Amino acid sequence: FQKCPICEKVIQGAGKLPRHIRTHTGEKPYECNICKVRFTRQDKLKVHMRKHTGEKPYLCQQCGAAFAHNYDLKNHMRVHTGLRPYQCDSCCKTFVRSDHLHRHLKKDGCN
């Protein structure tokens, strides 16, 4: 547990404090060597490296389809069985993604 001096906000993880402080500044030190695109976080750069490399480490356990990104894999999982897994309690409406539920819970104003 560490507290950010700039924002007085608790951040979990001893080594994660430099990452949060970088979010206040807008610096993007990590730069891809191929497309010369800068990213704020290293793990974001590695995902961009997957796009350049074309590797798909996420393989479906039901049909064997290979996808490059985790959310792409989860989208394929919803095609198999998980289509529309979110519901609105107030109005009884189904949704595909969790952000759409947040959009509905704010824009629709059922409550």
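Whichever C-alpha set is largest while still superposing within 1.5 Å between the two forms counts as the rigid core. Position 1 is the first residue in the sequence shown; the rest follow in order.
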item	value
Core-aligned Cα RMS comparison in 6 other deposited structures of this protein - stretch that moves more, 62-70 or 34-42	62-70
Between 53-61 and 22-30, larger RMS Cα displacement in 6 other deposited structures of this protein after core fit	53-61
Comparing 40-48 with 71-79, the one whose average Cα B-factor in the PDB entry is higher	71-79
Segment of higher mean CA temperature factor, 89-97 or 14-22	89-97
Third of chain Cα B-factors occupied by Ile6	lowest
Cα B factor band for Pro57 (lowest, middle or highest third within the chain)	middle
